[PDB]
>>> print(open('protein26.txt').read())   # compact mmCIF, C-alpha atoms
# COMPACT_ATOMS: atom_id res chain seq x y z
CA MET A 1 -2.87 22.88 4.13
CA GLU A 2 -2.49 22.19 0.40
CA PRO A 3 -0.70 19.25 -1.23
CA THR A 4 2.13 20.18 -3.58
CA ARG A 5 3.28 18.07 -6.49
CA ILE A 6 6.55 17.19 -8.22
CA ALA A 7 6.70 15.99 -11.85
CA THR A 8 3.03 15.83 -12.77
CA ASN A 9 1.73 14.18 -15.92
CA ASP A 10 -1.76 13.10 -17.01
CA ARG A 11 -1.72 9.98 -14.80
CA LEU A 12 0.38 10.75 -11.74
CA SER A 13 2.81 12.98 -9.94
CA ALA A 14 6.19 11.48 -9.13
CA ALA A 15 5.85 12.94 -5.63
CA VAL A 16 3.06 14.53 -3.60
CA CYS A 17 3.98 16.45 -0.46
CA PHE A 18 1.50 17.21 2.31
CA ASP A 19 2.70 18.83 5.55
CA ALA A 20 5.58 16.67 6.79
CA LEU A 21 4.80 13.69 4.55
CA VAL A 22 6.11 12.75 1.10
CA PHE A 23 4.23 10.19 -1.04
CA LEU A 24 6.16 8.84 -4.02
CA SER A 25 4.71 7.12 -7.03
CA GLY A 26 5.89 3.57 -7.56
CA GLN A 27 9.28 3.79 -9.22
CA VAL A 28 10.27 1.44 -12.03
CA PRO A 29 13.75 0.71 -13.40
CA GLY A 30 15.66 2.50 -16.15
CA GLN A 31 17.29 0.47 -18.86
CA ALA A 32 18.56 -2.46 -16.81
CA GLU A 33 17.22 -5.84 -17.86
CA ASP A 34 18.45 -7.84 -14.85
CA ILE A 35 17.14 -7.78 -11.30
CA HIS A 36 20.26 -6.33 -9.62
CA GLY A 37 20.56 -3.51 -12.13
CA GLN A 38 16.84 -2.81 -12.08
CA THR A 39 16.75 -2.62 -8.29
CA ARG A 40 19.71 -0.24 -8.26
CA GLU A 41 17.93 1.95 -10.79
CA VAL A 42 14.60 2.02 -8.93
CA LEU A 43 16.41 2.98 -5.71
CA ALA A 44 18.40 5.71 -7.53
CA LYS A 45 15.14 7.20 -8.79
CA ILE A 46 13.69 7.09 -5.29
CA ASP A 47 16.75 8.80 -3.79
CA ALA A 48 16.46 11.65 -6.30
CA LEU A 49 12.75 12.16 -5.64
CA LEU A 50 13.33 12.16 -1.88
CA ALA A 51 15.90 14.92 -2.38
CA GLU A 52 13.55 16.96 -4.58
CA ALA A 53 10.76 16.62 -2.00
CA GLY A 54 12.84 17.75 0.97
CA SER A 55 13.42 14.29 2.43
CA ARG A 56 16.29 11.77 2.43
CA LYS A 57 16.93 8.04 2.67
CA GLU A 58 17.21 8.24 6.46
CA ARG A 59 13.62 9.55 6.65
CA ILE A 60 11.80 6.82 4.75
CA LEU A 61 8.76 5.67 6.73
CA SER A 62 7.50 2.78 4.59
CA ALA A 63 8.33 0.91 1.41
CA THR A 64 6.18 -1.59 -0.48
CA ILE A 65 8.33 -3.62 -2.87
CA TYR A 66 6.64 -5.43 -5.77
CA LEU A 67 8.53 -8.26 -7.47
CA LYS A 68 7.37 -9.89 -10.69
CA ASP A 69 8.84 -13.18 -9.38
CA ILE A 70 9.36 -13.08 -5.64
CA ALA A 71 10.80 -16.60 -5.37
CA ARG A 72 13.38 -15.90 -8.04
CA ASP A 73 14.40 -12.35 -7.20
CA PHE A 74 13.93 -11.81 -3.44
CA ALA A 75 17.59 -12.55 -2.67
CA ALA A 76 18.92 -10.14 -5.31
CA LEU A 77 16.44 -7.47 -4.23
CA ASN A 78 17.58 -7.82 -0.61
CA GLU A 79 21.27 -7.66 -1.57
CA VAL A 80 20.87 -4.35 -3.42
CA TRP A 81 18.33 -2.91 -0.96
CA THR A 82 20.45 -3.52 2.12
CA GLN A 83 23.51 -2.02 0.40
CA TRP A 84 21.53 1.11 -0.50
CA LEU A 85 20.00 1.73 2.91
CA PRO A 86 21.65 4.01 5.46
CA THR A 87 23.14 1.89 8.23
CA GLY A 88 20.82 1.07 11.12
CA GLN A 89 18.04 3.15 9.59
CA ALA A 90 15.86 0.75 7.61
CA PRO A 91 12.19 1.69 7.11
CA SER A 92 9.09 -0.40 7.53
CA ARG A 93 8.82 -2.72 4.57
CA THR A 94 6.47 -5.13 2.79
CA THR A 95 7.66 -7.25 -0.18
CA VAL A 96 5.12 -9.13 -2.33
CA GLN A 97 4.74 -10.56 -5.80
CA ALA A 98 2.84 -8.64 -8.48
CA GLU A 99 3.13 -8.34 -12.23
CA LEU A 100 3.99 -4.77 -13.23
CA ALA A 101 2.79 -2.76 -16.19
CA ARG A 102 5.40 -4.14 -18.59
CA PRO A 103 6.58 -7.78 -18.49
CA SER A 104 10.24 -6.71 -18.62
CA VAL A 105 9.86 -4.84 -15.32
CA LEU A 106 10.97 -7.10 -12.51
CA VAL A 107 10.71 -4.70 -9.56
CA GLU A 108 8.78 -1.57 -8.52
CA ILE A 109 9.02 0.22 -5.16
CA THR A 110 6.59 2.66 -3.54
CA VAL A 111 7.87 4.87 -0.72
CA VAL A 112 6.34 7.19 1.87
CA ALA A 113 8.80 9.39 3.75
CA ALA A 114 9.07 12.25 6.24
CA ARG A 115 10.04 15.73 5.10
CA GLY A 116 13.03 17.23 6.88
CA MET B 1 10.59 15.77 13.69
CA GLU B 2 12.62 12.55 13.49
CA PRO B 3 11.30 9.05 12.76
CA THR B 4 11.99 6.47 15.46
CA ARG B 5 12.32 2.76 14.83
CA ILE B 6 11.42 -0.49 16.60
CA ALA B 7 13.21 -3.79 15.88
CA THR B 8 15.60 -2.79 13.11
CA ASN B 9 17.55 -5.28 11.02
CA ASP B 10 19.48 -4.95 7.75
CA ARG B 11 16.30 -4.92 5.63
CA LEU B 12 13.55 -3.32 7.69
CA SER B 13 12.25 -2.06 10.98
CA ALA B 14 9.23 -3.82 12.40
CA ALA B 15 7.75 -0.40 13.16
CA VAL B 16 8.58 3.19 12.24
CA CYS B 17 6.96 6.00 14.22
CA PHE B 18 6.69 9.56 12.96
CA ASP B 19 4.71 12.14 14.94
CA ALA B 20 1.28 10.59 15.54
CA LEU B 21 1.65 7.85 12.91
CA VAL B 22 2.88 4.26 13.22
CA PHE B 23 3.95 2.33 10.09
CA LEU B 24 4.33 -1.43 10.55
CA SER B 25 6.23 -3.78 8.32
CA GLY B 26 4.14 -6.49 6.73
CA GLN B 27 3.71 -9.20 9.34
CA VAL B 28 3.92 -12.88 8.44
CA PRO B 29 2.74 -15.89 10.45
CA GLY B 30 4.62 -17.90 13.07
CA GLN B 31 4.61 -21.65 12.85
CA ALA B 32 1.03 -22.23 11.75
CA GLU B 33 0.64 -24.04 8.45
CA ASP B 34 -3.10 -23.44 7.97
CA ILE B 35 -4.86 -20.22 7.05
CA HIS B 36 -6.81 -19.76 10.32
CA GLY B 37 -3.75 -20.31 12.48
CA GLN B 38 -1.55 -18.16 10.26
CA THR B 39 -4.03 -15.27 10.33
CA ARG B 40 -4.27 -15.47 14.12
CA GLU B 41 -0.49 -15.36 14.33
CA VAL B 42 -0.08 -12.40 11.97
CA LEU B 43 -2.69 -10.45 13.95
CA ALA B 44 -1.01 -11.35 17.27
CA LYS B 45 2.28 -9.97 15.93
CA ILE B 46 0.53 -6.79 14.81
CA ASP B 47 -1.14 -6.31 18.20
CA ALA B 48 2.24 -6.57 19.95
CA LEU B 49 3.90 -4.07 17.62
CA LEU B 50 1.03 -1.62 18.04
CA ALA B 51 1.53 -1.83 21.81
CA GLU B 52 5.29 -1.29 21.51
CA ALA B 53 4.73 1.73 19.25
CA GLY B 54 2.24 3.46 21.54
CA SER B 55 -0.87 2.52 19.57
CA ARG B 56 -3.63 -0.10 19.91
CA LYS B 57 -6.07 -2.10 17.81
CA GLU B 58 -8.73 0.62 18.15
CA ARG B 59 -6.37 3.12 16.46
CA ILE B 60 -5.59 1.24 13.25
CA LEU B 61 -6.04 3.54 10.25
CA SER B 62 -5.45 1.15 7.35
CA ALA B 63 -4.65 -2.48 6.66
CA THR B 64 -3.59 -4.08 3.39
CA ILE B 65 -4.08 -7.85 3.54
CA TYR B 66 -2.19 -10.04 1.07
CA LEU B 67 -3.45 -13.59 0.49
CA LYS B 68 -1.50 -16.18 -1.48
CA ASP B 69 -4.87 -17.58 -2.68
CA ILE B 70 -7.65 -15.07 -2.23
CA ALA B 71 -10.41 -17.31 -3.62
CA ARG B 72 -9.48 -20.12 -1.26
CA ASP B 73 -8.71 -18.23 1.92
CA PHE B 74 -10.79 -15.01 1.95
CA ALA B 75 -13.53 -16.56 4.09
CA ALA B 76 -11.11 -17.90 6.72
CA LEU B 77 -9.22 -14.61 6.76
CA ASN B 78 -12.46 -12.70 7.35
CA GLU B 79 -13.56 -15.07 10.13
CA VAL B 80 -10.35 -14.57 12.12
CA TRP B 81 -10.02 -10.86 11.27
CA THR B 82 -13.52 -9.94 12.39
CA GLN B 83 -13.08 -11.89 15.64
CA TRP B 84 -9.82 -10.04 16.36
CA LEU B 85 -11.08 -6.53 15.69
CA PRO B 86 -12.47 -4.33 18.45
CA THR B 87 -16.23 -4.09 18.07
CA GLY B 88 -17.51 -1.30 15.82
CA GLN B 89 -13.96 -0.05 15.24
CA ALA B 90 -12.78 -1.65 12.01
CA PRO B 91 -10.10 0.20 10.00
CA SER B 92 -9.94 0.94 6.31
CA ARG B 93 -8.98 -2.24 4.51
CA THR B 94 -7.84 -3.61 1.15
CA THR B 95 -7.50 -7.39 0.55
CA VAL B 96 -5.74 -8.68 -2.58
CA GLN B 97 -3.91 -11.74 -3.85
CA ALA B 98 -0.11 -11.81 -3.90
CA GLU B 99 2.49 -14.51 -3.49
CA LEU B 100 4.62 -13.87 -0.39
CA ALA B 101 8.32 -14.43 0.12
CA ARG B 102 7.94 -18.10 1.06
CA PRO B 103 5.38 -20.41 -0.60
CA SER B 104 4.20 -21.70 2.79
CA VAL B 105 3.10 -18.20 3.81
CA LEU B 106 -0.58 -17.82 3.06
CA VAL B 107 -1.23 -14.36 4.52
CA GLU B 108 0.66 -11.13 5.28
CA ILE B 109 -0.83 -7.92 6.68
CA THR B 110 0.55 -4.37 6.61
CA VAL B 111 -0.88 -1.83 9.06
CA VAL B 112 -0.68 1.93 9.55
CA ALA B 113 -2.05 3.23 12.85
CA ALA B 114 -2.40 6.33 15.02
CA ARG B 115 -0.27 6.78 18.12
CA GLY B 116 -2.20 7.40 21.31
CA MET C 1 -6.45 12.76 18.55
CA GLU C 2 -9.01 10.05 17.79
CA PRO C 3 -9.69 8.40 14.42
CA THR C 4 -13.24 8.73 13.15
CA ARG C 5 -14.93 6.27 10.83
CA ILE C 6 -17.39 6.36 7.94
CA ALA C 7 -19.53 3.33 6.96
CA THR C 8 -18.28 0.70 9.38
CA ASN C 9 -19.13 -2.99 9.08
CA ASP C 10 -17.67 -6.11 10.70
CA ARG C 11 -14.61 -6.12 8.42
CA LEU C 12 -13.80 -2.53 7.53
CA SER C 13 -14.77 1.11 7.46
CA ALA C 14 -15.16 2.69 4.05
CA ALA C 15 -13.15 5.65 5.35
CA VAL C 16 -11.04 6.38 8.42
CA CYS C 17 -10.13 9.99 9.18
CA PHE C 18 -7.25 10.98 11.43
CA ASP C 19 -6.28 14.65 11.78
CA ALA C 20 -5.79 15.94 8.23
CA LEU C 21 -5.61 12.49 6.61
CA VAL C 22 -8.32 10.33 5.02
CA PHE C 23 -7.71 6.59 4.47
CA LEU C 24 -10.18 4.88 2.15
CA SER C 25 -10.83 1.18 1.91
CA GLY C 26 -10.11 -0.33 -1.47
CA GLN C 27 -13.12 0.41 -3.65
CA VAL C 28 -14.53 -2.18 -6.04
CA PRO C 29 -16.91 -1.67 -8.96
CA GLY C 30 -20.71 -1.66 -8.99
CA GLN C 31 -22.52 -3.69 -11.58
CA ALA C 32 -20.28 -3.07 -14.58
CA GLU C 33 -18.76 -6.19 -16.10
CA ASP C 34 -16.25 -4.46 -18.40
CA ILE C 35 -13.05 -2.68 -17.46
CA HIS C 36 -14.08 0.84 -18.55
CA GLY C 37 -17.39 0.68 -16.72
CA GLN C 38 -15.83 -0.89 -13.64
CA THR C 39 -13.12 1.77 -13.45
CA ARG C 40 -15.72 4.54 -13.76
CA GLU C 41 -17.69 2.95 -10.95
CA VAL C 42 -14.72 2.52 -8.60
CA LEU C 43 -13.75 6.17 -9.15
CA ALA C 44 -17.35 7.32 -8.55
CA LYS C 45 -17.35 5.48 -5.22
CA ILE C 46 -14.04 7.08 -4.30
CA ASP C 47 -15.29 10.58 -5.17
CA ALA C 48 -18.31 10.11 -2.90
CA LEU C 49 -16.23 8.87 0.02
CA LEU C 50 -13.80 11.77 -0.38
CA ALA C 51 -16.76 14.16 -0.15
CA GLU C 52 -18.14 12.43 2.94
CA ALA C 53 -14.72 12.57 4.62
CA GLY C 54 -14.14 16.27 4.01
CA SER C 55 -11.73 15.85 1.10
CA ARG C 56 -11.97 16.10 -2.70
CA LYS C 57 -10.34 14.74 -5.85
CA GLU C 58 -7.83 17.60 -5.89
CA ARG C 59 -6.52 16.51 -2.47
CA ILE C 60 -5.69 12.87 -3.19
CA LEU C 61 -2.19 12.06 -1.93
CA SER C 62 -1.74 8.49 -3.16
CA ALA C 63 -3.57 5.79 -5.08
CA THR C 64 -2.68 2.12 -5.41
CA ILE C 65 -4.52 0.59 -8.37
CA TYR C 66 -4.91 -3.20 -8.51
CA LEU C 67 -5.75 -4.79 -11.87
CA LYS C 68 -6.73 -8.44 -12.24
CA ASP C 69 -4.95 -8.40 -15.64
CA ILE C 70 -2.55 -5.51 -15.93
CA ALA C 71 -1.39 -6.32 -19.47
CA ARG C 72 -4.95 -6.46 -20.74
CA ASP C 73 -6.54 -3.57 -18.88
CA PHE C 74 -3.83 -0.96 -18.16
CA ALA C 75 -4.76 1.13 -21.21
CA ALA C 76 -8.48 1.21 -20.39
CA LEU C 77 -7.72 1.99 -16.75
CA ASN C 78 -5.51 4.91 -17.78
CA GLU C 79 -8.12 6.26 -20.21
CA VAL C 80 -10.83 6.43 -17.54
CA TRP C 81 -8.47 7.51 -14.75
CA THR C 82 -7.00 10.44 -16.65
CA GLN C 83 -10.49 11.61 -17.67
CA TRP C 84 -11.64 11.51 -14.03
CA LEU C 85 -8.71 13.37 -12.53
CA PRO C 86 -8.76 17.13 -12.02
CA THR C 87 -6.49 18.76 -14.58
CA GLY C 88 -2.85 19.13 -13.58
CA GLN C 89 -3.56 17.65 -10.15
CA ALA C 90 -2.76 13.95 -10.39
CA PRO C 91 -1.74 12.14 -7.18
CA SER C 92 1.11 9.76 -6.55
CA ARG C 93 0.20 6.42 -8.05
CA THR C 94 1.22 2.76 -8.17
CA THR C 95 -0.51 0.28 -10.53
CA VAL C 96 0.10 -3.48 -10.14
CA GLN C 97 -1.55 -6.79 -10.92
CA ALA C 98 -3.45 -8.66 -8.22
CA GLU C 99 -6.46 -10.96 -8.20
CA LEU C 100 -9.31 -9.40 -6.21
CA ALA C 101 -11.81 -11.08 -3.92
CA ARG C 102 -14.20 -12.04 -6.72
CA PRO C 103 -12.98 -13.18 -10.17
CA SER C 104 -15.41 -10.81 -11.92
CA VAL C 105 -13.73 -7.80 -10.30
CA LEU C 106 -11.17 -6.41 -12.71
CA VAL C 107 -10.04 -3.31 -10.79
CA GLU C 108 -9.81 -2.05 -7.19
CA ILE C 109 -8.35 1.28 -6.06
CA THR C 110 -7.13 2.35 -2.62
CA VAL C 111 -6.76 6.07 -1.89
CA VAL C 112 -5.23 8.21 0.84
CA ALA C 113 -6.14 11.90 0.74
CA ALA C 114 -5.83 15.18 2.62
CA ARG C 115 -8.79 16.64 4.48
CA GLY C 116 -9.71 20.18 3.50
>>> encode(input="protein26.txt", output="structure tokens")
Amino acid sequence: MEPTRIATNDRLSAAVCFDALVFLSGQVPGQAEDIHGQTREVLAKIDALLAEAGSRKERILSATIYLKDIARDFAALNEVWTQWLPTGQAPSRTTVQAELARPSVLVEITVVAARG
Amino acid sequence: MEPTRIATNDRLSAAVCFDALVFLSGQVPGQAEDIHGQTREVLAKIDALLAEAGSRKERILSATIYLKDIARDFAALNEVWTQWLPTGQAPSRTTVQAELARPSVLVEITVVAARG
Amino acid sequence: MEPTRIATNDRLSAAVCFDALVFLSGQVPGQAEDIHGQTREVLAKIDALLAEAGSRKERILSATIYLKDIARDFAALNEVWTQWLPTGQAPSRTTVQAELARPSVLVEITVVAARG
């Protein structure tokens, strides 16, 4: 009956759990400068937060994927994304263009998942 | 306790169901080139997925509506949207501008709904 | 087993409740023209809708924050946002750039929360 939080700072919590649902903050890349690397890094951060929250990649319910330049980077995003997903178990998905908080960030992904 | 999926490909599932919730992938138009036609087509695709997932238009919980050109197309979007909705039963809604994966796509809508 | 609605018009309901979840429509500012004022006003509108829906600021699960100009206004948004949040209880959050329905709107925030 109470939300619980993982990795809280003054602006956000990396994850909020409520009953059987896990809400992740939008994840941004690490040090990669290129789209492939950055997508890999975002997805790695998501996989770790899912684990910490009692979920897993197979239990993702929805992902919204924000690309700084969707025309330029959609193909690379899809390549890395499809490799990362568990086979036959893709979530619902929406991919749109949006500038992110820093101009060097090319990709940000926000996930909602089911706790196990 | 397990998500189920409808129309899964290598990138996404058109719908993911979990308990009493239905998460739809962002729906894009069919063959229409114009905003009115494209909005009608997106909403038709949503109505079919709601049916397949055990929901209905009256049970939509939230919609995020992405317009390639919000200044240009907000009025047309609203015309078609309000016609399509069941009377007195509009969902929560957010409408923002975002380029979609192809430049010819003017509108994309992502819905979360309650299973019946 | 049925969604309930708060403040329904022909396009949207300000809030939709379903079981223990509250889905708010994207909230836009009041009369403020500046980013600080507009953010304060959006957050005030959210706090009122949370109250009406049986929730509260401490029970927010996720927020998506849309900025017309993320480079310009991210710092001001964060200042007001962090002041408004209950201490140690920040939600999951995603902040991206998107033009809103009127050019004078600088900020719009969409919240999902847990009913108490």
>>> residues_around(input="protein26.txt", residues="residue 52 of chain B", least_positions_apart="2", cutoff="12 Å", atoms="all atoms listed in the file", output="VMD selection string")
chain B and resid 4 to 7 14 to 17 22 24 45 to 50 54 to 57 115 to 116
>>> interface_residues(input="protein26.txt", of="chain C", to="chain B", cutoff="7 Å", atoms="all atoms listed in the file", output="PyMOL selection string")
chain C and resi 3+8+10-16+23-26+98-101
>>> atom_distance(input="protein26.txt", atom1="atom CA of residue 43 of chain C", atom2="atom CA of residue 103 of chain C")
19.4 Å
>>> closest_residue(input="protein26.txt", among="C:53, C:9, C:106, C:2", to="residue 34 of chain C", atoms="only C-alpha atoms")
C:106
>>> atom_distance(input="protein26.txt", atom1="atom CA of residue 36 of chain C", atom2="atom CA of residue 102 of chain A")
20.1 Å
>>> closest_residue(input="protein26.txt", among="C:37, C:27, C:76, C:32", to="residue 111 of chain C", atoms="all atoms listed in the file")
C:27
>>> atom_distance(input="protein26.txt", atom1="atom CA of residue 30 of chain B", atom2="atom CA of residue 65 of chain A")
21.7 Å
>>> residues_around(input="protein26.txt", residues="residue 38 of chain B", least_positions_apart="2", cutoff="10 Å", atoms="only C-alpha atoms", output="list in words")
residues 28, 29, 30, 31, 32, 33, 34, 35, 36, 40, 41, 42, 43, 44, 77, 80, 105, 106, 107 and 108 of chain B
>>> build_atoms(input="protein26.txt", residues="segment 48-82 of chain B", atoms="N, CA and C atoms", output="short mmCIF file (atom, residue, chain, number, x, y, z; two decimals), in the coordinates of the input")
data_model
loop_
_atom_site.label_atom_id
_atom_site.label_comp_id
_atom_site.auth_asym_id
_atom_site.auth_seq_id
_atom_site.Cartn_x
_atom_site.Cartn_y
_atom_site.Cartn_z
N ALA B 48 1.06 -6.85 19.12
CA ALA B 48 2.24 -6.57 19.95
C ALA B 48 3.00 -5.34 19.45
N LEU B 49 3.18 -5.23 18.13
CA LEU B 49 3.90 -4.07 17.62
C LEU B 49 3.14 -2.78 17.85
N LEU B 50 1.81 -2.80 17.71
CA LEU B 50 1.03 -1.62 18.04
C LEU B 50 1.29 -1.21 19.48
N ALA B 51 1.26 -2.17 20.40
CA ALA B 51 1.53 -1.83 21.81
C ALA B 51 2.90 -1.19 21.97
N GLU B 52 3.93 -1.79 21.36
CA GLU B 52 5.29 -1.29 21.51
C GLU B 52 5.44 0.11 20.95
N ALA B 53 4.65 0.44 19.92
CA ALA B 53 4.73 1.73 19.25
C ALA B 53 3.81 2.79 19.85
N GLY B 54 3.11 2.48 20.94
CA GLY B 54 2.24 3.46 21.54
C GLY B 54 0.89 3.59 20.88
N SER B 55 0.43 2.54 20.21
CA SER B 55 -0.87 2.52 19.57
C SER B 55 -1.68 1.35 20.15
N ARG B 56 -2.77 1.00 19.48
CA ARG B 56 -3.63 -0.10 19.91
C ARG B 56 -4.56 -0.47 18.76
N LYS B 57 -5.23 -1.61 18.90
CA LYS B 57 -6.07 -2.10 17.81
C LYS B 57 -7.14 -1.09 17.42
N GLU B 58 -7.67 -0.35 18.41
CA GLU B 58 -8.73 0.62 18.15
C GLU B 58 -8.25 1.82 17.34
N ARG B 59 -6.94 1.96 17.13
CA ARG B 59 -6.37 3.12 16.46
C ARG B 59 -5.75 2.75 15.11
N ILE B 60 -6.06 1.58 14.59
CA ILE B 60 -5.59 1.24 13.25
C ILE B 60 -6.29 2.14 12.24
N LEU B 61 -5.53 2.65 11.28
CA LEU B 61 -6.04 3.54 10.25
C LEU B 61 -6.27 2.80 8.95
N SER B 62 -5.34 1.91 8.60
CA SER B 62 -5.45 1.15 7.35
C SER B 62 -4.73 -0.17 7.49
N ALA B 63 -5.27 -1.17 6.78
CA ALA B 63 -4.65 -2.48 6.66
C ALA B 63 -4.74 -2.91 5.20
N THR B 64 -3.62 -3.34 4.65
CA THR B 64 -3.59 -4.08 3.39
C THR B 64 -3.28 -5.53 3.71
N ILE B 65 -4.16 -6.42 3.27
CA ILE B 65 -4.08 -7.85 3.54
C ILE B 65 -3.77 -8.55 2.24
N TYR B 66 -2.66 -9.30 2.22
CA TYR B 66 -2.19 -10.04 1.07
C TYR B 66 -2.44 -11.52 1.32
N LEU B 67 -3.18 -12.16 0.42
CA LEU B 67 -3.45 -13.59 0.49
C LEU B 67 -2.78 -14.30 -0.68
N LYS B 68 -2.06 -15.38 -0.39
CA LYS B 68 -1.50 -16.18 -1.48
C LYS B 68 -2.59 -16.66 -2.43
N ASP B 69 -3.74 -17.06 -1.90
CA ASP B 69 -4.87 -17.58 -2.68
C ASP B 69 -6.14 -16.92 -2.14
N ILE B 70 -6.55 -15.83 -2.78
CA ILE B 70 -7.65 -15.07 -2.23
C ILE B 70 -8.96 -15.85 -2.36
N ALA B 71 -9.15 -16.57 -3.47
CA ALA B 71 -10.41 -17.31 -3.62
C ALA B 71 -10.55 -18.35 -2.53
N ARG B 72 -9.46 -19.00 -2.19
CA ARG B 72 -9.48 -20.12 -1.26
C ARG B 72 -9.60 -19.67 0.18
N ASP B 73 -8.95 -18.56 0.52
CA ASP B 73 -8.71 -18.23 1.92
C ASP B 73 -9.40 -16.96 2.40
N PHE B 74 -10.14 -16.25 1.53
CA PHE B 74 -10.79 -15.01 1.95
C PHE B 74 -11.76 -15.24 3.10
N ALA B 75 -12.53 -16.34 3.05
CA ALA B 75 -13.53 -16.56 4.09
C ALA B 75 -12.88 -16.80 5.45
N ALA B 76 -11.84 -17.63 5.48
CA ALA B 76 -11.11 -17.90 6.72
C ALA B 76 -10.45 -16.65 7.26
N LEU B 77 -9.80 -15.89 6.37
CA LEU B 77 -9.22 -14.61 6.76
C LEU B 77 -10.26 -13.72 7.43
N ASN B 78 -11.43 -13.57 6.80
CA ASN B 78 -12.46 -12.70 7.35
C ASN B 78 -12.96 -13.21 8.71
N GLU B 79 -13.16 -14.52 8.84
CA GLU B 79 -13.56 -15.07 10.13
C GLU B 79 -12.61 -14.62 11.24
N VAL B 80 -11.30 -14.86 11.06
CA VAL B 80 -10.35 -14.57 12.12
C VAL B 80 -10.22 -13.06 12.33
N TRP B 81 -10.16 -12.31 11.22
CA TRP B 81 -10.02 -10.86 11.27
C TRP B 81 -11.16 -10.22 12.05
N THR B 82 -12.41 -10.58 11.72
CA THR B 82 -13.52 -9.94 12.39
C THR B 82 -13.56 -10.30 13.86
#
